[PDB]
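K.L.:
One structure is given below, represented as structure tokens, and several questions about it will come after.
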Amino acid sequence: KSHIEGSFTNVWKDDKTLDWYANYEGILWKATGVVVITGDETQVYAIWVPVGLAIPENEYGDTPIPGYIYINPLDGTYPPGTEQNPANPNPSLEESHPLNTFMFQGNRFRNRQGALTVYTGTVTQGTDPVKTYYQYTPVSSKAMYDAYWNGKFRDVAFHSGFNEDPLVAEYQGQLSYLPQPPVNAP
């Protein structure tokens with residue numbers, strides 16, 4: 001099938017790849033190209049590509065609505081374990097979420113002296129009980145690091161103390177707009 005450039009509603013973000021997805025006409029679509037999301041995550045604008053059968057369980061006007069250009073922190077433009085990005089390439093399995101993490105575009109980040117890691121889902125590989133691990137993968141996105149370095153996360157990336165809940169970054173990305181209505185409007 002051919003790609004659909006436009007907005008979808010009833011979208012979700014995969015917790016392992018951090019890519020956005022939506023169902024339309026019984027097909028599963030993956031958001032590619034430049035991805036723009038609404039602050040409340042209800043809608044995503046992108047170059048939607050048919051990637052498989054629809055999965056319903058994961059789930060207007062005509063003028064553009066406010067949103068933000070999404071940065072996938074795992075896009076590999078600044079790969080760890082290199083001269084460029086010396087950070088350790090190996091993701092950790094935390095018994096619990098690290099303290100002092102912050103929310104940026106629905107993704108949860110940890111900053112350890114300049115090395116950024118991001119929450120990439122749980123991993124329950126046990127038996128009795130089970131043991132649930134929270135995987136934190138090293139950020140491989142140059143865009144994410146350019147924002148951090150320009151101090152765009154000064155308000156949330158340098159906290160210390162016993163703080164379990166993530167703080168929400170004031171900066172939510174490059175401002176943009178999503179065309180309306182969503183293509184998969186009910």
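Letters A, B, ... go to the chains of the structure tokens in the order shown; residues in each chain start at 1; ligands are counted from 1 in the same order.
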For range 86-130 of chain A versus range 15-27 of chain A, which residues have an atom no more than 9 Å away, and what is each residue's nearest atom pair and distance in Å rounded to one decimal, using only C-alpha atoms, chain-then-number order, as JSON lines?
P.N.:
{"residue": "A:107", "atom": "CA", "partner": "A:18", "partner_atom": "CA", "distance": 7.8}
{"residue": "A:119", "atom": "CA", "partner": "A:15", "partner_atom": "CA", "distance": 8.0}
{"residue": "A:120", "atom": "CA", "partner": "A:16", "partner_atom": "CA", "distance": 4.7}
{"residue": "A:121", "atom": "CA", "partner": "A:15", "partner_atom": "CA", "distance": 5.0}
{"residue": "A:122", "atom": "CA", "partner": "A:15", "partner_atom": "CA", "distance": 8.4}
K.L.:
For the residues in the current selection, export C-alpha atoms as a compact mmCIF listing (two decimals), in the first residue's frame.
P.N.:
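Wrote it out as out_0.txt, contents follow:
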# COMPACT_ATOMS: atom_id res chain seq x y z
CA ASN A 107 9.86 9.49 26.90
CA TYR A 119 13.44 4.08 29.38
CA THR A 120 12.85 1.33 26.82
CA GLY A 121 10.28 -0.90 28.50
CA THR A 122 10.21 -3.62 31.11
K.L.:
What residues in range 2-120 of chain A get the DSSP label strand (DSSP E or B)? Please answer as an MDAnalysis selection string.
P.N.:
chainID A and resid 4:9 12:13 20:24 27:37 43:53 65:69 80 85 92:94 102:104 107:112 115:120
K.L.:
Write a file of the just-selected residues containing C-alpha atoms, as a CSV table (one decimal), in the first residue's frame.
P.N.:
chain,number,residue,atom,x,y,z
A,4,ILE,CA,-0.2,8.3,4.1
A,5,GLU,CA,1.1,11.8,5.0
A,6,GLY,CA,-1.3,13.2,7.5
A,7,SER,CA,-2.5,13.0,11.1
A,8,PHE,CA,-3.8,9.9,12.9
A,9,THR,CA,-5.6,9.7,16.2
A,12,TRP,CA,0.4,4.8,20.8
A,13,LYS,CA,4.1,4.8,21.3
A,20,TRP,CA,4.5,5.8,17.0
A,21,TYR,CA,1.8,3.6,15.6
A,22,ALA,CA,-1.9,3.7,14.6
A,23,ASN,CA,-4.5,1.5,13.0
A,24,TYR,CA,-6.4,2.4,9.9
A,27,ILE,CA,-3.7,-2.0,8.7
A,28,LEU,CA,-1.0,-1.2,11.3
A,29,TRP,CA,0.8,2.1,10.4
A,30,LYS,CA,4.2,3.3,11.6
A,31,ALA,CA,5.0,7.0,11.8
A,32,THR,CA,8.1,8.0,9.8
A,33,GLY,CA,9.6,11.0,8.2
A,34,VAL,CA,9.2,14.1,10.4
A,35,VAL,CA,6.9,13.1,13.2
A,36,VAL,CA,4.9,15.8,15.0
A,37,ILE,CA,2.9,15.0,18.2
A,43,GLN,CA,-2.6,12.8,17.7
A,44,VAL,CA,0.5,12.2,15.6
A,45,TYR,CA,1.3,13.7,12.2
A,46,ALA,CA,3.8,11.8,10.0
A,47,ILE,CA,4.6,9.9,6.9
A,48,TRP,CA,2.7,6.8,7.9
A,49,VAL,CA,3.9,3.5,6.3
A,50,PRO,CA,1.8,0.3,6.2
A,51,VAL,CA,3.7,-2.2,8.4
A,52,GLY,CA,1.3,-5.0,9.0
A,53,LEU,CA,-2.2,-6.0,10.3
A,65,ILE,CA,-3.4,22.3,15.8
A,66,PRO,CA,-0.2,22.9,18.0
A,67,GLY,CA,2.2,20.1,18.5
A,68,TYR,CA,5.9,19.3,18.7
A,69,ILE,CA,8.5,17.8,16.4
A,80,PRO,CA,27.3,5.4,21.9
A,85,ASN,CA,29.6,9.3,21.6
A,92,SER,CA,21.0,-1.4,31.9
A,93,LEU,CA,18.2,-3.5,33.6
A,94,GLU,CA,17.2,-1.5,36.7
A,102,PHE,CA,12.4,13.6,33.5
A,103,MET,CA,9.6,13.4,30.9
A,104,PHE,CA,10.3,14.7,27.4
A,107,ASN,CA,9.9,9.5,26.9
A,108,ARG,CA,11.6,9.1,30.3
A,109,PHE,CA,15.2,10.1,30.6
A,110,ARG,CA,18.0,9.7,33.1
A,111,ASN,CA,21.0,12.1,33.0
A,112,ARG,CA,24.2,10.8,34.7
A,115,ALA,CA,25.3,10.6,29.6
A,116,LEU,CA,21.6,10.3,28.7
A,117,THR,CA,19.8,7.0,28.9
A,118,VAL,CA,16.1,6.4,28.1
A,119,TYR,CA,13.4,4.1,29.4
A,120,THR,CA,12.9,1.3,26.8
K.L.:
Considering only C-alpha atoms, return as a list in words whatever protein or nucleic-acid residues lie within 9 Å of residue 79 in chain A, sequence-local ones (same chain, fewer than 2 positions apart) excluded.
P.N.:
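Residues near the query, excluding close chain neighbours: residues 74, 75, 76, 77, 81, 82, 84, 85, 86, 87, 89, 138, 139, 140, 141 and 142 of chain A.
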K.L.:
Give me the residues within 12 Å of residue 154 in chain A as an mmCIF file with N, CA, C and O atoms, in the first residue's frame, counting only C-alpha atoms and dropping any in the same chain fewer than 6 places off.
P.N.:
data_model
loop_
_atom_site.group_PDB
_atom_site.id
_atom_site.type_symbol
_atom_site.label_atom_id
_atom_site.label_comp_id
_atom_site.auth_asym_id
_atom_site.auth_seq_id
_atom_site.Cartn_x
_atom_site.Cartn_y
_atom_site.Cartn_z
ATOM 1 N N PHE A 102 13.249 12.503 33.968
ATOM 2 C CA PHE A 102 12.360 13.570 33.503
ATOM 3 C C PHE A 102 11.642 13.189 32.203
ATOM 4 O O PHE A 102 12.170 12.453 31.367
ATOM 5 N N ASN A 111 19.822 11.334 33.377
ATOM 6 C CA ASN A 111 21.041 12.053 33.042
ATOM 7 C C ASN A 111 22.090 11.771 34.106
ATOM 8 O O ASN A 111 21.920 12.168 35.264
ATOM 9 N N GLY A 114 25.873 13.968 32.062
ATOM 10 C CA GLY A 114 26.016 14.173 30.631
ATOM 11 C C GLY A 114 25.731 12.942 29.789
ATOM 12 O O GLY A 114 25.626 13.064 28.573
ATOM 13 N N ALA A 147 19.884 19.509 22.255
ATOM 14 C CA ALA A 147 18.992 20.264 23.134
ATOM 15 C C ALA A 147 19.561 20.278 24.565
ATOM 16 O O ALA A 147 19.588 21.320 25.220
ATOM 17 N N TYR A 148 20.009 19.119 25.038
ATOM 18 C CA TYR A 148 20.569 18.993 26.382
ATOM 19 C C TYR A 148 21.760 19.942 26.529
ATOM 20 O O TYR A 148 21.835 20.747 27.467
ATOM 21 N N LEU A 167 9.981 14.336 36.462
ATOM 22 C CA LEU A 167 9.545 15.718 36.327
ATOM 23 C C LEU A 167 9.260 15.868 34.834
ATOM 24 O O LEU A 167 9.799 15.107 34.015
ATOM 25 N N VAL A 168 8.419 16.831 34.473
ATOM 26 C CA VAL A 168 8.093 17.071 33.075
ATOM 27 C C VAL A 168 8.873 18.302 32.585
ATOM 28 O O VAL A 168 8.732 19.405 33.108
ATOM 29 N N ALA A 169 9.723 18.094 31.593
ATOM 30 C CA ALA A 169 10.517 19.176 31.022
ATOM 31 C C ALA A 169 9.644 20.313 30.503
ATOM 32 O O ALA A 169 8.607 20.078 29.894
ATOM 33 N N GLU A 170 10.051 21.548 30.763
ATOM 34 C CA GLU A 170 9.312 22.689 30.255
ATOM 35 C C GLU A 170 9.396 22.622 28.714
ATOM 36 O O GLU A 170 8.400 22.825 28.017
ATOM 37 N N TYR A 171 10.600 22.342 28.209
ATOM 38 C CA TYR A 171 10.853 22.246 26.769
ATOM 39 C C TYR A 171 10.333 20.895 26.281
ATOM 40 O O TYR A 171 10.715 19.853 26.810
#
K.L.:
Can you list, as a PyMOL selection string, every residue of range 1-173 of chain A that DSSP puts in helix (DSSP H, G or I)?
P.N.:
chain A and resi 56-58+142-149
